[PDB]
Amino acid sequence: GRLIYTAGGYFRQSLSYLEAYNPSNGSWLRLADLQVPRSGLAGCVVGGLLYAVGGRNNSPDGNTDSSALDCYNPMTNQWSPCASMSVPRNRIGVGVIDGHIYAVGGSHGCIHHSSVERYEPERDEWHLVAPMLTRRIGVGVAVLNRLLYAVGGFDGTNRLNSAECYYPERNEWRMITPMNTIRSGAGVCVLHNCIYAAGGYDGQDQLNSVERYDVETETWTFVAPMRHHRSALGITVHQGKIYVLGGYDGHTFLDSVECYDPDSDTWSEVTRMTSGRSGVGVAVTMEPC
């Protein structure tokens, strides 16, 4: 599309911000808030509609994991509730295949989900599919050549370098090569033929290391690291470049927005969000109005 939308996030409490960045001119636009604050959600786009999936409302009033699915229409600048998932999913991962949305992992209280479910926008319905071989919260999810990939996370006791791949026509999950680094809460996306895992938390430190998985060779290789360590970051791809938004570096909730150009293997700073925050949902679609 044209704009990078960032929904929700966390700074001292869960947030309801929806803001859109325009890489063409550097400008941010504040849009309609989410009806319910939430961090740890995921964002995605189908048919020019933006979707906020899962998450958790951390608030003074209390803490409520979200099973919600809310759609935003850029034309109207309005949110509508969609059907809820079978179960709340905080620190969720999502991916889109064939106009269908896959919700992966996440926590509900102290439950750490291995379950997965699929939303069909034309019927406004969710259905459970095969569970991952591993429980994963704070899991990175990406789609490549119509296969779904779950990368890293936290299974309840250990944080994971493991990764697995879902094969829809077989309704089956299989392990792939693990990463070289343990990561939970990394930004995971797809560029060209590789799956990128950036940043995250390895149990001790927030990471700035970035690595990528080549589906042909089935290996992970590090690329240039980000200028900032960060976990619970937002990530997306726009015109051949990776954008990472916010996160937590162990000291500050970052407003930094970094851009990776794969041809030069460099990260440059590109803008600041209007305020520091972690755990945002991020997606890309056309301009509002």
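In this text, residue numbers run from 1 along the sequence as written.
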Selected stretch [higher average CA B-factor]: 153-161 or 83-91 | 153-161
For the higher mean C-alpha B factor in the entry, choose 71-79 or 107-115.
-> 71-79
Looking only at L29, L41, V244, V45, the Cα with the top B-factor belongs to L29
Compare the C-alpha B factor of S264 with those of the other modelled residues in its chain, then answer lowest, middle or highest third.
-> highest
Compared with the other modelled residues in the chain, in which third is the CA B-factor of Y248?
-> highest
Using the B-factors in the PDB entry, rank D65's C-alpha atom against the chain and give the third, lowest, middle or highest.
-> lowest
Thinking about Cα B factors across the chain, which third does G199 belong to?
-> lowest
Just say lowest, middle or highest third for the CA B-factor of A20 relative to the other modelled residues in its chain.
-> highest
